[PDB]
Amino acid sequence: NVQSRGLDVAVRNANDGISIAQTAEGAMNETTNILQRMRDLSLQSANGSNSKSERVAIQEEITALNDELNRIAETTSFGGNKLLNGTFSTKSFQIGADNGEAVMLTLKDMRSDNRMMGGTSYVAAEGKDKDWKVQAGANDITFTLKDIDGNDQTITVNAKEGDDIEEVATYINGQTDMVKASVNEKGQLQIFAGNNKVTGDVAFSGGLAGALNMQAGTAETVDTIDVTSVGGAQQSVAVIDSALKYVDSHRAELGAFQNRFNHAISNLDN
Amino acid sequence: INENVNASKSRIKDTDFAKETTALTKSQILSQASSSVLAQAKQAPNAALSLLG
Amino acid sequence: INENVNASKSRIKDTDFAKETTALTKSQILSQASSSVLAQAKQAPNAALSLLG
Amino acid sequence: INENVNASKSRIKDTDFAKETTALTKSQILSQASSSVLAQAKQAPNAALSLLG
Amino acid sequence: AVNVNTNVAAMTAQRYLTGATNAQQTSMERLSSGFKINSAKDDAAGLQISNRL
Amino acid sequence: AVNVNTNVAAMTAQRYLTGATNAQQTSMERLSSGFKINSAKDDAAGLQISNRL
């Protein structure tokens, strides 16, 4: 009798955990839709036809949407229990007729300024005008970084001789998916290492990096996006991509949680 | 958030008609079973009359 | 690439109305079959009342 | 300004037929469920007659 | 046996009634939205690749 | 669960019906006016460059 009743309560607790995971993921749905809209605006704002006035118009919508991301994070709640602001932390949902049978659920911060929603940024101090071409010998760039898993890597991109600065950026993008390279207005090769992809600071070597001193790494997030410049707009596309991967990663963790809890409900009923 | 909040309110507050109708029929059958047993019990002391007392 | 990426997205995300309507109809029928058997099951204890108990 | 004022008025005043037809249907089922329960509740005192009184 | 307190026939019918109803709610959501991936529970890895596409 | 007080299936269908209607009204406005930018909500910066052109 005690076991059967505890199974009835266990099914109720499994359902409540499904409810919290459902509400949290539904709110994440609009975080993904807002982020995608911000990514399309950044792509449009990275153009050349745009003038300062246009880029200010886009940055107005990006600031409005970025405020909307923080409003979804702070306000989204389940009956007054805030979920997406980072205060939820980890809560154990007891699903079982006896003590000790609980499943930990973690809900992560979705504020635009979360470190996970961005990465690191390295800008070349040497601008390369339209006449610059990769030279023989000084065409190899090496990125010594660490993965999110923690294993070290030594990607090496041998840029093609005769490539201009923007073709070097697109070549680096094709060769590796760990970093995203672009060029700003002053012809400086920016490189973004998403925090979801790498940890620590990226190191640069080789002849090409000798000609493109890469300066230090500044932490970036969606909250600090500024598309009023060609460089800022380009690097905001990369930031939003790292944020989109972060939001989708948490949606998959909540999807596996709901699926597991549905299997738990069927087992408990039987 | 409105739909997901309503569904949670459903699992907690709203009634399961399948389970409640079964619980109602079961309760009725025990109401009739107790009534029948009561009638059989009311004649228990009537046997004392057969003792010519 | 826009068209081919849209085709890929449809195969992965868009619903097949032909298959989904068949899945919905099957679910509806299984709901009426479970409801009908449930109604028949609720009267199982009535047999006990037929024993005058 | 007339179109935007009329759109505002509809949001504040016009009925959502999608939400109102659903609300009406729910009310019909709840009235049918209360009518049924009331009927079976009217026969509750009949058990008193079964007690030879 | 014949018993009134519990009847597992009703519990079994209810379980398959909630299973059919859940599969009915899933099918209707896919039909109205037009997407077979409306959440991560439907398809987690498929949701990611579909979003990237 | 077979409950009567809430219909989450109807709420979801209403949500996707209002989304479809919104896209239908926007498409109608684009067709009758012949402009895809009738307001800054459609494309803010695109409205500015188009206005200056």
# chains A, B, ... in the order shown; residues from 1 in each chain; ligands from 1
call {"tool": "interface_residues", "arguments": {"of": "chain F", "to": "chain B", "cutoff": "8 Å", "atoms": "only C-alpha atoms", "output": "ChimeraX atom specification"}}
result
/F:1-6,8,11-12
call {"tool": "closest_atom_pairs", "arguments": {"of": "chain A", "to": "chain B", "cutoff": "9 Å", "atoms": "only C-alpha atoms", "output": "JSON lines"}}
result
{"residue": "A:12", "atom": "CA", "partner": "B:11", "partner_atom": "CA", "distance": 7.7}
{"residue": "A:15", "atom": "CA", "partner": "B:11", "partner_atom": "CA", "distance": 7.3}
{"residue": "A:16", "atom": "CA", "partner": "B:8", "partner_atom": "CA", "distance": 6.8}
{"residue": "A:18", "atom": "CA", "partner": "B:8", "partner_atom": "CA", "distance": 8.8}
{"residue": "A:19", "atom": "CA", "partner": "B:8", "partner_atom": "CA", "distance": 5.7}
{"residue": "A:20", "atom": "CA", "partner": "B:4", "partner_atom": "CA", "distance": 8.3}
{"residue": "A:22", "atom": "CA", "partner": "B:4", "partner_atom": "CA", "distance": 6.5}
{"residue": "A:23", "atom": "CA", "partner": "B:4", "partner_atom": "CA", "distance": 5.4}
{"residue": "A:24", "atom": "CA", "partner": "B:1", "partner_atom": "CA", "distance": 8.4}
{"residue": "A:26", "atom": "CA", "partner": "B:1", "partner_atom": "CA", "distance": 6.8}
{"residue": "A:27", "atom": "CA", "partner": "B:1", "partner_atom": "CA", "distance": 6.9}
{"residue": "A:76", "atom": "CA", "partner": "B:1", "partner_atom": "CA", "distance": 7.7}
{"residue": "A:77", "atom": "CA", "partner": "B:1", "partner_atom": "CA", "distance": 8.3}
{"residue": "A:78", "atom": "CA", "partner": "B:5", "partner_atom": "CA", "distance": 6.9}
{"residue": "A:79", "atom": "CA", "partner": "B:5", "partner_atom": "CA", "distance": 7.7}
call {"tool": "select_by_dssp", "arguments": {"residues": "chain B", "states": "alpha helix (DSSP H)", "output": "ChimeraX atom specification"}}
result
/B:2-12,17-42
call {"tool": "calpha_fit_and_write", "arguments": {"fixed": "chain C", "moving": "chain B", "output": "PDB file with N, CA, C and O atoms, in the first residue's frame"}}
result
ATOM      1  N   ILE B   1      22.069  26.734 -53.252  1.00  0.00           N
ATOM      2  CA  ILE B   1      22.318  26.219 -51.909  1.00  0.00           C
ATOM      3  C   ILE B   1      21.130  26.511 -51.006  1.00  0.00           C
ATOM      4  O   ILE B   1      20.891  25.806 -50.020  1.00  0.00           O
ATOM      5  N   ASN B   2      20.376  27.566 -51.318  1.00  0.00           N
ATOM      6  CA  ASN B   2      19.217  27.912 -50.504  1.00  0.00           C
ATOM      7  C   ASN B   2      18.111  26.880 -50.666  1.00  0.00           C
ATOM      8  O   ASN B   2      17.495  26.454 -49.684  1.00  0.00           O
ATOM      9  N   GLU B   3      17.839  26.469 -51.907  1.00  0.00           N
ATOM     10  CA  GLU B   3      16.800  25.472 -52.140  1.00  0.00           C
ATOM     11  C   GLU B   3      17.190  24.123 -51.563  1.00  0.00           C
ATOM     12  O   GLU B   3      16.372  23.449 -50.931  1.00  0.00           O
ATOM     13  N   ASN B   4      18.435  23.704 -51.781  1.00  0.00           N
ATOM     14  CA  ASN B   4      18.867  22.397 -51.303  1.00  0.00           C
ATOM     15  C   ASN B   4      18.956  22.374 -49.785  1.00  0.00           C
ATOM     16  O   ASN B   4      18.744  21.330 -49.159  1.00  0.00           O
ATOM     17  N   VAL B   5      19.275  23.515 -49.173  1.00  0.00           N
ATOM     18  CA  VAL B   5      19.274  23.603 -47.717  1.00  0.00           C
ATOM     19  C   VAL B   5      17.849  23.557 -47.186  1.00  0.00           C
ATOM     20  O   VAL B   5      17.579  22.957 -46.140  1.00  0.00           O
ATOM     21  N   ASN B   6      16.918  24.205 -47.886  1.00  0.00           N
ATOM     22  CA  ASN B   6      15.526  24.196 -47.454  1.00  0.00           C
ATOM     23  C   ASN B   6      14.926  22.802 -47.558  1.00  0.00           C
ATOM     24  O   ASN B   6      14.174  22.374 -46.676  1.00  0.00           O
ATOM     25  N   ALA B   7      15.245  22.077 -48.632  1.00  0.00           N
ATOM     26  CA  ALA B   7      14.728  20.723 -48.787  1.00  0.00           C
ATOM     27  C   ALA B   7      15.243  19.813 -47.682  1.00  0.00           C
ATOM     28  O   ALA B   7      14.506  18.963 -47.174  1.00  0.00           O
ATOM     29  N   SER B   8      16.511  19.967 -47.304  1.00  0.00           N
ATOM     30  CA  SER B   8      17.044  19.194 -46.189  1.00  0.00           C
ATOM     31  C   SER B   8      16.314  19.539 -44.901  1.00  0.00           C
ATOM     32  O   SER B   8      15.986  18.657 -44.099  1.00  0.00           O
ATOM     33  N   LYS B   9      16.058  20.829 -44.683  1.00  0.00           N
ATOM     34  CA  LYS B   9      15.282  21.249 -43.525  1.00  0.00           C
ATOM     35  C   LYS B   9      13.863  20.709 -43.591  1.00  0.00           C
ATOM     36  O   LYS B   9      13.211  20.549 -42.557  1.00  0.00           O
ATOM     37  N   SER B  10      13.364  20.437 -44.797  1.00  0.00           N
ATOM     38  CA  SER B  10      12.031  19.864 -44.937  1.00  0.00           C
ATOM     39  C   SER B  10      12.017  18.411 -44.485  1.00  0.00           C
ATOM     40  O   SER B  10      11.128  17.984 -43.743  1.00  0.00           O
ATOM     41  N   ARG B  11      13.005  17.635 -44.929  1.00  0.00           N
ATOM     42  CA  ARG B  11      13.039  16.215 -44.610  1.00  0.00           C
ATOM     43  C   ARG B  11      13.251  15.980 -43.122  1.00  0.00           C
ATOM     44  O   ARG B  11      12.909  14.909 -42.610  1.00  0.00           O
ATOM     45  N   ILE B  12      13.802  16.961 -42.413  1.00  0.00           N
ATOM     46  CA  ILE B  12      14.135  16.802 -41.002  1.00  0.00           C
ATOM     47  C   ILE B  12      13.040  17.424 -40.150  1.00  0.00           C
ATOM     48  O   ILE B  12      12.478  16.771 -39.266  1.00  0.00           O
ATOM     49  N   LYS B  13      12.725  18.688 -40.423  1.00  0.00           N
ATOM     50  CA  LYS B  13      11.865  19.488 -39.560  1.00  0.00           C
ATOM     51  C   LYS B  13      10.395  19.410 -39.949  1.00  0.00           C
ATOM     52  O   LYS B  13       9.549  19.136 -39.095  1.00  0.00           O
ATOM     53  N   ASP B  14      10.068  19.639 -41.216  1.00  0.00           N
ATOM     54  CA  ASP B  14       8.672  19.709 -41.621  1.00  0.00           C
ATOM     55  C   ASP B  14       7.980  18.367 -41.427  1.00  0.00           C
ATOM     56  O   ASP B  14       8.607  17.306 -41.453  1.00  0.00           O
ATOM     57  N   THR B  15       6.667  18.428 -41.233  1.00  0.00           N
ATOM     58  CA  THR B  15       5.861  17.251 -40.952  1.00  0.00           C
ATOM     59  C   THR B  15       5.295  16.668 -42.239  1.00  0.00           C
ATOM     60  O   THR B  15       4.983  17.390 -43.189  1.00  0.00           O
ATOM     61  N   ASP B  16       5.169  15.346 -42.260  1.00  0.00           N
ATOM     62  CA  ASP B  16       4.540  14.631 -43.362  1.00  0.00           C
ATOM     63  C   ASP B  16       3.056  14.515 -43.045  1.00  0.00           C
ATOM     64  O   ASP B  16       2.662  13.728 -42.182  1.00  0.00           O
ATOM     65  N   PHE B  17       2.235  15.304 -43.738  1.00  0.00           N
ATOM     66  CA  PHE B  17       0.813  15.338 -43.417  1.00  0.00           C
ATOM     67  C   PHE B  17       0.149  13.999 -43.696  1.00  0.00           C
ATOM     68  O   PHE B  17      -0.798  13.616 -43.003  1.00  0.00           O
ATOM     69  N   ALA B  18       0.618  13.276 -44.713  1.00  0.00           N
ATOM     70  CA  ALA B  18       0.050  11.965 -45.003  1.00  0.00           C
ATOM     71  C   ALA B  18       0.288  10.999 -43.850  1.00  0.00           C
ATOM     72  O   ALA B  18      -0.614  10.253 -43.453  1.00  0.00           O
ATOM     73  N   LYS B  19       1.501  11.000 -43.294  1.00  0.00           N
ATOM     74  CA  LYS B  19       1.819  10.075 -42.211  1.00  0.00           C
ATOM     75  C   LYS B  19       1.232  10.542 -40.888  1.00  0.00           C
ATOM     76  O   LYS B  19       0.885   9.721 -40.031  1.00  0.00           O
ATOM     77  N   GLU B  20       1.129  11.857 -40.694  1.00  0.00           N
ATOM     78  CA  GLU B  20       0.658  12.378 -39.416  1.00  0.00           C
ATOM     79  C   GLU B  20      -0.853  12.256 -39.290  1.00  0.00           C
ATOM     80  O   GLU B  20      -1.366  11.961 -38.206  1.00  0.00           O
ATOM     81  N   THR B  21      -1.584  12.487 -40.380  1.00  0.00           N
ATOM     82  CA  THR B  21      -3.031  12.311 -40.339  1.00  0.00           C
ATOM     83  C   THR B  21      -3.391  10.858 -40.068  1.00  0.00           C
ATOM     84  O   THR B  21      -4.355  10.574 -39.350  1.00  0.00           O
ATOM     85  N   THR B  22      -2.629   9.925 -40.640  1.00  0.00           N
ATOM     86  CA  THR B  22      -2.845   8.512 -40.350  1.00  0.00           C
ATOM     87  C   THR B  22      -2.523   8.197 -38.896  1.00  0.00           C
ATOM     88  O   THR B  22      -3.205   7.384 -38.264  1.00  0.00           O
ATOM     89  N   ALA B  23      -1.476   8.818 -38.352  1.00  0.00           N
ATOM     90  CA  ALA B  23      -1.118   8.577 -36.958  1.00  0.00           C
ATOM     91  C   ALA B  23      -2.137   9.201 -36.015  1.00  0.00           C
ATOM     92  O   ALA B  23      -2.332   8.721 -34.893  1.00  0.00           O
ATOM     93  N   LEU B  24      -2.788  10.281 -36.449  1.00  0.00           N
ATOM     94  CA  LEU B  24      -3.816  10.904 -35.624  1.00  0.00           C
ATOM     95  C   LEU B  24      -5.079  10.058 -35.595  1.00  0.00           C
ATOM     96  O   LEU B  24      -5.668   9.845 -34.531  1.00  0.00           O
ATOM     97  N   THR B  25      -5.510   9.564 -36.757  1.00  0.00           N
ATOM     98  CA  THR B  25      -6.700   8.722 -36.800  1.00  0.00           C
ATOM     99  C   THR B  25      -6.485   7.437 -36.017  1.00  0.00           C
ATOM    100  O   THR B  25      -7.380   6.981 -35.299  1.00  0.00           O
ATOM    101  N   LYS B  26      -5.303   6.835 -36.140  1.00  0.00           N
ATOM    102  CA  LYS B  26      -5.015   5.633 -35.369  1.00  0.00           C
ATOM    103  C   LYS B  26      -5.085   5.925 -33.878  1.00  0.00           C
ATOM    104  O   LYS B  26      -5.656   5.144 -33.110  1.00  0.00           O
ATOM    105  N   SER B  27      -4.526   7.058 -33.451  1.00  0.00           N
ATOM    106  CA  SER B  27      -4.547   7.399 -32.034  1.00  0.00           C
ATOM    107  C   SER B  27      -5.972   7.599 -31.540  1.00  0.00           C
ATOM    108  O   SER B  27      -6.310   7.197 -30.422  1.00  0.00           O
ATOM    109  N   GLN B  28      -6.822   8.222 -32.357  1.00  0.00           N
ATOM    110  CA  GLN B  28      -8.211   8.419 -31.960  1.00  0.00           C
ATOM    111  C   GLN B  28      -8.920   7.088 -31.769  1.00  0.00           C
ATOM    112  O   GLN B  28      -9.650   6.900 -30.791  1.00  0.00           O
ATOM    113  N   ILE B  29      -8.707   6.144 -32.685  1.00  0.00           N
ATOM    114  CA  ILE B  29      -9.402   4.866 -32.604  1.00  0.00           C
ATOM    115  C   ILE B  29      -8.973   4.105 -31.357  1.00  0.00           C
ATOM    116  O   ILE B  29      -9.773   3.384 -30.753  1.00  0.00           O
ATOM    117  N   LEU B  30      -7.706   4.231 -30.962  1.00  0.00           N
ATOM    118  CA  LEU B  30      -7.278   3.623 -29.707  1.00  0.00           C
ATOM    119  C   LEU B  30      -7.804   4.392 -28.504  1.00  0.00           C
ATOM    120  O   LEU B  30      -7.962   3.813 -27.424  1.00  0.00           O
ATOM    121  N   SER B  31      -8.067   5.689 -28.659  1.00  0.00           N
ATOM    122  CA  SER B  31      -8.699   6.437 -27.578  1.00  0.00           C
ATOM    123  C   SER B  31     -10.130   5.967 -27.361  1.00  0.00           C
ATOM    124  O   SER B  31     -10.589   5.853 -26.219  1.00  0.00           O
ATOM    125  N   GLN B  32     -10.850   5.687 -28.449  1.00  0.00           N
ATOM    126  CA  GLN B  32     -12.222   5.207 -28.330  1.00  0.00           C
ATOM    127  C   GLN B  32     -12.255   3.745 -27.908  1.00  0.00           C
ATOM    128  O   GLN B  32     -13.176   3.314 -27.206  1.00  0.00           O
ATOM    129  N   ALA B  33     -11.264   2.962 -28.336  1.00  0.00           N
ATOM    130  CA  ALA B  33     -11.221   1.554 -27.963  1.00  0.00           C
ATOM    131  C   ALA B  33     -10.895   1.390 -26.486  1.00  0.00           C
ATOM    132  O   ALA B  33     -11.417   0.488 -25.822  1.00  0.00           O
ATOM    133  N   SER B  34     -10.021   2.247 -25.957  1.00  0.00           N
ATOM    134  CA  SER B  34      -9.711   2.200 -24.533  1.00  0.00           C
ATOM    135  C   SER B  34     -10.881   2.706 -23.702  1.00  0.00           C
ATOM    136  O   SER B  34     -11.140   2.193 -22.609  1.00  0.00           O
ATOM    137  N   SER B  35     -11.592   3.721 -24.198  1.00  0.00           N
ATOM    138  CA  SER B  35     -12.761   4.218 -23.483  1.00  0.00           C
ATOM    139  C   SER B  35     -13.838   3.147 -23.384  1.00  0.00           C
ATOM    140  O   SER B  35     -14.428   2.944 -22.317  1.00  0.00           O
ATOM    141  N   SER B  36     -14.106   2.448 -24.489  1.00  0.00           N
ATOM    142  CA  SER B  36     -15.120   1.400 -24.472  1.00  0.00           C
ATOM    143  C   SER B  36     -14.725   0.272 -23.531  1.00  0.00           C
ATOM    144  O   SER B  36     -15.565  -0.254 -22.791  1.00  0.00           O
ATOM    145  N   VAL B  37     -13.451  -0.117 -23.548  1.00  0.00           N
ATOM    146  CA  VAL B  37     -12.989  -1.176 -22.659  1.00  0.00           C
ATOM    147  C   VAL B  37     -13.081  -0.728 -21.209  1.00  0.00           C
ATOM    148  O   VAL B  37     -13.351  -1.535 -20.312  1.00  0.00           O
ATOM    149  N   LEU B  38     -12.842   0.558 -20.951  1.00  0.00           N
ATOM    150  CA  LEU B  38     -12.948   1.066 -19.588  1.00  0.00           C
ATOM    151  C   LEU B  38     -14.370   0.932 -19.065  1.00  0.00           C
ATOM    152  O   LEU B  38     -14.583   0.498 -17.928  1.00  0.00           O
ATOM    153  N   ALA B  39     -15.359   1.291 -19.885  1.00  0.00           N
ATOM    154  CA  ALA B  39     -16.747   1.163 -19.459  1.00  0.00           C
ATOM    155  C   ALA B  39     -17.093  -0.289 -19.163  1.00  0.00           C
ATOM    156  O   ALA B  39     -17.741  -0.589 -18.155  1.00  0.00           O
ATOM    157  N   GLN B  40     -16.657  -1.206 -20.026  1.00  0.00           N
ATOM    158  CA  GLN B  40     -16.892  -2.624 -19.778  1.00  0.00           C
ATOM    159  C   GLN B  40     -16.195  -3.078 -18.502  1.00  0.00           C
ATOM    160  O   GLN B  40     -16.679  -3.979 -17.809  1.00  0.00           O
ATOM    161  N   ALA B  41     -15.053  -2.469 -18.182  1.00  0.00           N
ATOM    162  CA  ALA B  41     -14.316  -2.817 -16.976  1.00  0.00           C
ATOM    163  C   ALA B  41     -14.936  -2.227 -15.719  1.00  0.00           C
ATOM    164  O   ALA B  41     -14.761  -2.792 -14.635  1.00  0.00           O
ATOM    165  N   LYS B  42     -15.648  -1.106 -15.838  1.00  0.00           N
ATOM    166  CA  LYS B  42     -16.240  -0.481 -14.660  1.00  0.00           C
ATOM    167  C   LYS B  42     -17.341  -1.347 -14.066  1.00  0.00           C
ATOM    168  O   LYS B  42     -17.607  -1.274 -12.862  1.00  0.00           O
ATOM    169  N   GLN B  43     -17.987  -2.169 -14.887  1.00  0.00           N
ATOM    170  CA  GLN B  43     -19.013  -3.093 -14.425  1.00  0.00           C
ATOM    171  C   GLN B  43     -18.438  -4.415 -13.935  1.00  0.00           C
ATOM    172  O   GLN B  43     -19.201  -5.274 -13.481  1.00  0.00           O
ATOM    173  N   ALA B  44     -17.124  -4.606 -14.021  1.00  0.00           N
ATOM    174  CA  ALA B  44     -16.530  -5.840 -13.512  1.00  0.00           C
ATOM    175  C   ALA B  44     -16.817  -6.045 -12.033  1.00  0.00           C
ATOM    176  O   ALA B  44     -17.246  -7.149 -11.657  1.00  0.00           O
ATOM    177  N   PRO B  45     -16.612  -5.062 -11.150  1.00  0.00           N
ATOM    178  CA  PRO B  45     -16.978  -5.259  -9.740  1.00  0.00           C
ATOM    179  C   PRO B  45     -18.475  -5.230  -9.489  1.00  0.00           C
ATOM    180  O   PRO B  45     -18.909  -5.661  -8.414  1.00  0.00           O
ATOM    181  N   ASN B  46     -19.274  -4.735 -10.436  1.00  0.00           N
ATOM    182  CA  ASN B  46     -20.719  -4.715 -10.240  1.00  0.00           C
ATOM    183  C   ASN B  46     -21.281  -6.126 -10.134  1.00  0.00           C
ATOM    184  O   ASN B  46     -22.339  -6.328  -9.528  1.00  0.00           O
ATOM    185  N   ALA B  47     -20.596  -7.112 -10.715  1.00  0.00           N
ATOM    186  CA  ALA B  47     -21.041  -8.493 -10.582  1.00  0.00           C
ATOM    187  C   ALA B  47     -21.008  -8.964  -9.136  1.00  0.00           C
ATOM    188  O   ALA B  47     -21.716  -9.914  -8.789  1.00  0.00           O
ATOM    189  N   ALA B  48     -20.197  -8.328  -8.288  1.00  0.00           N
ATOM    190  CA  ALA B  48     -20.187  -8.680  -6.873  1.00  0.00           C
ATOM    191  C   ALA B  48     -21.545  -8.441  -6.231  1.00  0.00           C
ATOM    192  O   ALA B  48     -21.906  -9.126  -5.268  1.00  0.00           O
ATOM    193  N   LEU B  49     -22.307  -7.471  -6.740  1.00  0.00           N
ATOM    194  CA  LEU B  49     -23.651  -7.244  -6.221  1.00  0.00           C
ATOM    195  C   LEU B  49     -24.562  -8.429  -6.506  1.00  0.00           C
ATOM    196  O   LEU B  49     -25.461  -8.726  -5.711  1.00  0.00           O
ATOM    197  N   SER B  50     -24.355  -9.113  -7.633  1.00  0.00           N
ATOM    198  CA  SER B  50     -25.139 -10.304  -7.932  1.00  0.00           C
ATOM    199  C   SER B  50     -24.881 -11.422  -6.932  1.00  0.00           C
ATOM    200  O   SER B  50     -25.680 -12.361  -6.850  1.00  0.00           O
ATOM    201  N   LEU B  51     -23.790 -11.344  -6.175  1.00  0.00           N
ATOM    202  CA  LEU B  51     -23.494 -12.323  -5.138  1.00  0.00           C
ATOM    203  C   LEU B  51     -24.244 -12.048  -3.842  1.00  0.00           C
ATOM    204  O   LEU B  51     -24.040 -12.771  -2.862  1.00  0.00           O
ATOM    205  N   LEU B  52     -25.100 -11.027  -3.814  1.00  0.00           N
ATOM    206  CA  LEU B  52     -25.859 -10.672  -2.617  1.00  0.00           C
ATOM    207  C   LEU B  52     -24.927 -10.385  -1.444  1.00  0.00           C
ATOM    208  O   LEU B  52     -25.202 -10.754  -0.300  1.00  0.00           O
ATOM    209  N   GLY B  53     -23.812  -9.722  -1.732  1.00  0.00           N
ATOM    210  CA  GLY B  53     -22.851  -9.352  -0.710  1.00  0.00           C
ATOM    211  C   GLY B  53     -22.796  -7.853  -0.496  1.00  0.00           C
ATOM    212  O   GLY B  53     -22.324  -7.374   0.535  1.00  0.00           O
TER     213      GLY B  53
END
call {"tool": "closest_atom_pairs", "arguments": {"of": "chain E", "to": "chain A", "cutoff": "7 Å", "atoms": "only C-alpha atoms", "output": "JSON lines"}}
result
{"residue": "E:40", "atom": "CA", "partner": "A:255", "partner_atom": "CA", "distance": 4.3}
{"residue": "E:41", "atom": "CA", "partner": "A:255", "partner_atom": "CA", "distance": 4.2}
{"residue": "E:44", "atom": "CA", "partner": "A:252", "partner_atom": "CA", "distance": 5.1}
{"residue": "E:48", "atom": "CA", "partner": "A:248", "partner_atom": "CA", "distance": 6.3}
call {"tool": "write_last_selection", "arguments": {"atoms": "N, CA, C and O atoms", "output": "PDB file, in the first residue's frame"}}
result
ATOM      1  N   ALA E  40      12.623  19.614 -28.280  1.00  0.00           N
ATOM      2  CA  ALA E  40      13.781  18.733 -28.298  1.00  0.00           C
ATOM      3  C   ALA E  40      13.400  17.291 -28.002  1.00  0.00           C
ATOM      4  O   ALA E  40      14.093  16.373 -28.453  1.00  0.00           O
ATOM      5  N   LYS E  41      12.315  17.074 -27.257  1.00  0.00           N
ATOM      6  CA  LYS E  41      11.866  15.713 -26.990  1.00  0.00           C
ATOM      7  C   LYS E  41      11.508  14.985 -28.277  1.00  0.00           C
ATOM      8  O   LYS E  41      11.774  13.786 -28.405  1.00  0.00           O
ATOM      9  N   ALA E  44      16.110  15.465 -30.628  1.00  0.00           N
ATOM     10  CA  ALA E  44      17.128  16.375 -30.114  1.00  0.00           C
ATOM     11  C   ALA E  44      18.168  16.701 -31.180  1.00  0.00           C
ATOM     12  O   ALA E  44      18.342  17.863 -31.558  1.00  0.00           O
ATOM     13  N   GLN E  48      18.847  20.274 -33.634  1.00  0.00           N
ATOM     14  CA  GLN E  48      20.056  21.073 -33.799  1.00  0.00           C
ATOM     15  C   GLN E  48      20.400  21.253 -35.270  1.00  0.00           C
ATOM     16  O   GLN E  48      20.669  22.370 -35.722  1.00  0.00           O
TER      17      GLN E  48
END
call {"tool": "residues_around", "arguments": {"residues": "residue 150 of chain A", "least_positions_apart": "2", "cutoff": "12 Å", "atoms": "only C-alpha atoms", "output": "PyMOL selection string"}}
result
chain A and resi 145-148+152-153+196-200
call {"tool": "closest_atom_pairs", "arguments": {"of": "segment 150-210 of chain A", "to": "segment 119-131 of chain A", "cutoff": "12 Å", "atoms": "only C-alpha atoms", "output": "Markdown table"}}
result
| residue | atom | partner | partner_atom | distance |
| --- | --- | --- | --- | --- |
| A:162 | CA | A:131 | CA | 10.0 |
| A:163 | CA | A:131 | CA | 10.0 |
| A:164 | CA | A:130 | CA | 6.9 |
| A:165 | CA | A:128 | CA | 6.5 |
| A:166 | CA | A:130 | CA | 9.0 |
| A:167 | CA | A:130 | CA | 11.0 |
| A:168 | CA | A:128 | CA | 11.1 |
| A:169 | CA | A:124 | CA | 11.9 |
| A:178 | CA | A:119 | CA | 11.4 |
| A:179 | CA | A:120 | CA | 9.8 |
| A:180 | CA | A:121 | CA | 9.7 |
| A:181 | CA | A:122 | CA | 9.4 |
| A:182 | CA | A:123 | CA | 9.4 |
| A:183 | CA | A:123 | CA | 8.8 |
| A:184 | CA | A:123 | CA | 8.9 |
| A:185 | CA | A:127 | CA | 8.9 |
| A:186 | CA | A:127 | CA | 5.5 |
| A:187 | CA | A:127 | CA | 4.6 |
| A:188 | CA | A:127 | CA | 4.7 |
| A:189 | CA | A:124 | CA | 5.3 |
| A:190 | CA | A:123 | CA | 4.2 |
| A:191 | CA | A:122 | CA | 5.2 |
| A:192 | CA | A:121 | CA | 4.7 |
| A:193 | CA | A:120 | CA | 5.2 |
| A:194 | CA | A:119 | CA | 4.0 |
| A:195 | CA | A:119 | CA | 4.2 |
| A:196 | CA | A:119 | CA | 7.4 |
| A:197 | CA | A:119 | CA | 8.5 |
| A:198 | CA | A:119 | CA | 8.4 |
| A:199 | CA | A:119 | CA | 9.0 |
| A:200 | CA | A:120 | CA | 9.0 |
| A:201 | CA | A:120 | CA | 8.0 |
| A:202 | CA | A:122 | CA | 8.5 |
| A:203 | CA | A:122 | CA | 10.0 |
| A:204 | CA | A:122 | CA | 10.0 |
| A:208 | CA | A:124 | CA | 10.9 |
| A:209 | CA | A:124 | CA | 8.7 |
| A:210 | CA | A:126 | CA | 10.0 |
call {"tool": "atom_distance", "arguments": {"atom1": "atom CA of residue 15 of chain F", "atom2": "atom CA of residue 39 of chain E"}}
result
15.3 Å
call {"tool": "closest_residue", "arguments": {"among": "F:19, F:34, F:46, F:26", "to": "residue 53 of chain A", "atoms": "only C-alpha atoms"}}
result
F:46
call {"tool": "closest_atom_pairs", "arguments": {"of": "chain E", "to": "chain F", "cutoff": "6 Å", "atoms": "only C-alpha atoms", "output": "Markdown table"}}
result
| residue | atom | partner | partner_atom | distance |
| --- | --- | --- | --- | --- |
| E:18 | CA | F:1 | CA | 5.5 |
| E:32 | CA | F:13 | CA | 5.8 |
| E:33 | CA | F:16 | CA | 5.8 |
call {"tool": "write_last_selection", "arguments": {"atoms": "N, CA and C atoms", "output": "PDB file, in the first residue's frame"}}
result
ATOM      1  N   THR E  18      -4.403   6.875 -21.640  1.00  0.00           N
ATOM      2  CA  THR E  18      -3.518   8.031 -21.554  1.00  0.00           C
ATOM      3  C   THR E  18      -2.397   7.934 -22.576  1.00  0.00           C
ATOM      4  N   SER E  32      -1.120  21.115 -36.671  1.00  0.00           N
ATOM      5  CA  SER E  32      -1.416  22.542 -36.625  1.00  0.00           C
ATOM      6  C   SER E  32      -0.171  23.373 -36.896  1.00  0.00           C
ATOM      7  N   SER E  33       0.965  22.978 -36.323  1.00  0.00           N
ATOM      8  CA  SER E  33       2.197  23.726 -36.535  1.00  0.00           C
ATOM      9  C   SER E  33       2.795  23.450 -37.905  1.00  0.00           C
TER      10      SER E  33
END
call {"tool": "decode", "arguments": {"residues": "segment 47-51 of chain D", "atoms": "C-alpha atoms", "output": "compact mmCIF listing (two decimals), in the first residue's frame"}}
result
# COMPACT_ATOMS: atom_id res chain seq x y z
CA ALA D 47 -30.53 3.61 -0.11
CA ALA D 48 -32.59 4.56 2.95
CA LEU D 49 -35.61 2.71 1.54
CA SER D 50 -33.46 -0.40 1.06
CA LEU D 51 -32.89 -0.44 4.85
